[PDB]
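Peer 1: Once you've had a glance at the structure underneath, I'll fire off some questions.
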Amino acid sequence: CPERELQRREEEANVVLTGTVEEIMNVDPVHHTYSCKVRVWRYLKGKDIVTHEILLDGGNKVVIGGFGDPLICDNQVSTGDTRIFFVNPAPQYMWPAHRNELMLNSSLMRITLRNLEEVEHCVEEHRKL
Ligand SMILES: [Cl-]
Numbered sequence: 002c003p004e005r006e007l008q009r010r011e012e013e014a015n016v017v018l019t020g021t022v023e024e025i026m027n028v029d030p031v032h033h034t035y036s037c038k039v040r041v042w043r044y045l046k047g048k049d050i051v052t053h054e055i056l057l058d059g060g061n062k063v064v065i066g067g068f069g070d071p072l073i074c075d076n077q078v079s080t081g082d083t084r085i086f087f088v089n090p091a092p093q094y095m096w097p098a099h100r101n102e103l104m105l106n107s108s109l110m111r112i113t114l115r116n117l118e119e120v121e122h123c124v125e126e127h128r129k130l
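No gaps in the numbering here: position 124 of the sequence shown is 125 in the entry's author numbering, and each next residue is one more.
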């Protein structure tokens, strides 16, 4: 499965976070994708956005939709999975189905220091405009 290079992926995601999948929510029959409630640990990018655009449950829980999206290589998860999520707030035309949800934009990444480092680096590199 061909996946875009880290640089482009970081460009196309206004929010990058880390967290553990607590539970699988309902399904989206129109796009054949699903949602899960995620307990965030820390944001590697876009925190300010989530703060102003997403209503948080439990102070540290969000809901990401878009899982199982064919156009993404690593798009599956299970209860307890830990990942680095490249997301974006759901557009309004995806409402009210995906209202107040962050939408998976690209392949999920495993929580390893190498990844955390590389992502942070690419995030900081681009933050140099
Ligand atoms: Cl991808």
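Using N, Cα and C, we set each Cβ at its ideal position, and we do this for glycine too.
Between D70 and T113, which are expected to be in contact by the criterion C-beta below 8 Å, what is the C-beta distance as a whole number of angstroms?
Peer 2: Along the sequence shown, one-based indexing puts residue 70 at 69. Along the sequence shown, one-based indexing puts residue 113 at 112. The Cβ separation is near 23 Å, so there is no contact.
Peer 1: What span of residues does the beta strand (DSSP E) with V124 cover, start to end?
Peer 2: Along the sequence shown, read from residue 1 onward, the residue named residue 124 stands at position 123. Premise fails: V124 lies in the alpha helix (DSSP H), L114 to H127, not in any beta strand (DSSP E).
Peer 1: Threshold first: 3 residues or longer. Then list the beta strand (DSSP E) segments lying entirely within the stretch 64-107, N to C.
Peer 2: For the stretch 64-107, whole beta strand (DSSP E) runs of length 3 or above, ordered along the chain, are 83-90.
Peer 1: Around ligand 1, what residues have a beta-carbon under 7 Å from a heavy atom of it, in chain order?
Peer 2: Any residue whose Cβ sits closer than 7 Å to a heavy atom of ligand 1 makes the list: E4, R5, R10, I73, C74, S107 and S108.
Peer 1: Measure the CB-CB distance between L117 and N76 and report whether it falls below 8 Å.
Peer 2: Counting from 1 along the sequence shown, the entry for residue 117 is found at position 116. Counting from 1 along the sequence shown, the entry for residue 76 is found at position 75. No; because the gap between Cβ atoms is not below 8 Å, this pair is not in contact.
Peer 1: Check whether the stretch 10-20 touches the stretch 47-67, counting contact only when three or more Cβ pairs, one atom from each stretch, lie closer than 8 Å.
Peer 2: Enough Cβ pairs lie closer than 8 Å, so yes.
Peer 1: Judging by CA-CA distance, which residue of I25, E121 and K129 is the nearest neighbour of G67?
Peer 2: Walking along the sequence shown from the start, residue 67 turns up at place 66. Among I25, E121 and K129, the Cα nearest to that of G67 is on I25.
Peer 1: Specify the secondary structure class of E54 as computed by DSSP and reduced to three states.
Peer 2: By one-based count along the sequence shown, residue 54 stands at place 53. The answer is helix: DSSP assigns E54 an H, G or I state.
Peer 1: When DSSP labels each residue in this structure, what does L7 get in the three-state scheme?
Peer 2: Indexing the sequence shown from 1 puts residue 7 at position 6. Helix, per DSSP.
Peer 1: Tell me whether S79 is buried or exposed, calling it buried when 16 or more other Cβ atoms sit within 10 Å of its Cβ.
Peer 2: Start at 1 with the first residue of the sequence shown, and residue 79 comes out as number 78. It counts as exposed.
Peer 1: Could you tell me the alpha carbon to alpha carbon distance between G81 and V41, rounded to whole angstroms?
Peer 2: Reading the sequence shown from its first residue, position 80 is the one you call residue 81. Reading the sequence shown from its first residue, position 40 is the one you call residue 41. The alpha-carbon atoms of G81 and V41 are separated by roughly 12 Å.
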